[PDB]
Amino acid sequence: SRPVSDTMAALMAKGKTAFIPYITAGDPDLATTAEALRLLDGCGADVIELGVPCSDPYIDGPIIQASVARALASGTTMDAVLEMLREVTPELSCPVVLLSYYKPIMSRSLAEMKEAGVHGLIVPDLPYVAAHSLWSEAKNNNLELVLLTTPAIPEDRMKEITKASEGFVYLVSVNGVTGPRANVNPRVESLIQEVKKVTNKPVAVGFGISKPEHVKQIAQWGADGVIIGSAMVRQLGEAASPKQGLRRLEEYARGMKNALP
């Protein structure tokens, strides 16, 4: 797979928004996760966000919250995920971005991760104190650390964020937690511009997106990518069964993909 920064940069040269879906590793089970990764890839995922479950996913609404509990129950662990990606990534044409809270990745060497074929990593609650640590650690293992910025971040810290991030800038669309939301926050419109004004890094928007008109709007506004999670879990994870679940994901993923062309 080509690097995330690379994948993002090629898209923007052709003036396009990246389709970046997100599912929870282990929901329903690692075996279903794999297959799902291929569907999304076959559907058009330019980048795939894979969530690693942890005991306290607090920057997550109830939909993902439920997705994690299932993940833990089925027996998913960081060790297992990578083992799963190691044999699956060589099949994926797009890079995979691992997403997990600081807790599960603090006392861990990032070598095993790069071995699994993972390209990027996102840590929502990354303490300001360990930020340079993880940062130096990621780049030493050729893992692009994707930092987030939300509406609450002042103009100046946002510039710093944009400068230290790698792969793309994860622009959180709201201050609340992950979850549906019927309308795209209006602040995102000007915020996108504000970010692209002080940085040439790819700018991707996340949180909320769960309808085509959302992807259509955020794209027209200039975003370089749209990240969609809760809406994607709601299809594969809450389905009455793995089988149906994958079907729904296929039907939903393709639908969100057409809203871009």
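Quick note: the coordinates plus some simple rules give every number you see, no bench work behind them. We place every Cβ from the backbone using ideal geometry, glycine too, and count neighbours over all the protein chains shown.
Summary table
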item: All positions within region 1-35 that are free of Cβ contacts under 8 Å to residues at least 60 places away in the same chain and in a loop (DSSP other than H, G, I, E, B); result: 14, 15, 25, 26
item: Residue that is nearest to the chain's Cα centre (by Cα) [pool: residues in region 101-117 that are exposed (fewer than 15 other Cβ atoms within 10 Å of the Cβ) and either under 15 Å from residue 77 (Cα atoms) or not hydroxyl-bearing (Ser, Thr, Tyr) (or both)]; result: 103
item: Residue 237 within 26 Å of residue 36 (Cα to Cα), out of contact with any strand residue (DSSP E or B) (no Cβ under 6 Å at 6 or more places or on another chain), of a type outside the set (A, V, I, L, M) and buried (at least 24 other Cβ atoms within 10 Å of the Cβ); result: yes
item: Residue within region 211-229 that is under 25 Å from residue 27 (Cα atoms), buried (at least 19 other Cβ atoms within 10 Å of the Cβ) and either of a type in the set (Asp, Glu) or in contact with a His (Cβ under 9 Å, 6 or more places away or on another chain) (or both) present; result: yes
item: Residue selected from region 54-72 under the condition part of a loop (DSSP other than H, G, I, E, B) and of a type in the set (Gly, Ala, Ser), by the criterion nearest to residue 229 (Cα to Cα); result: 61
item: Subset of region 86-105 [in contact with a helix residue (DSSP H, G or I) (Cβ under 8 Å, 6 or more places away or on another chain) and of a type in the set (A, V, I, L, M, F, W, C)]; result: 88, 92, 94, 96, 97, 98, 105
item: One residue from 124, 90 being over 17 Å from the mean Cα position of the chain (by Cα), in contact (Cβ under 8 Å) with a residue 24 or more places away in the chain and under 21 Å from residue 4 (Cα atoms); result: 90
item: Filtered residues of region 136-163 (kept if of a type outside the set (S, T, N, Q), surrounded by fewer than 18 Cβ atoms within 10 Å (Cβ to Cβ) and more than 28 Å from residue 232 (Cβ to Cβ)); result: 139, 154, 155, 156, 157, 159, 160, 163
item: Hits in region 242-261 - residues which are outside any helix (DSSP H, G or I) and either surrounded by 17 or more Cβ atoms within 10 Å (Cβ to Cβ) or touching a residue at least 24 places away in the same chain (Cβ under 8 Å) (or both); result: 259, 260
item: Number of positions in region 223-241 that are assigned to a helix (DSSP H, G or I) and polar (S, T, N, Q); result: 2
item: Close pairs (6 angstrom Cβ cut-off, 6 or more residues apart or separate chains): touching a residue at least 40 places away in the same chain (Cβ under 8 Å) in region 194-223, part of a strand (DSSP E or B) and among the small types (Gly, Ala, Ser) anywhere; result: 204/225
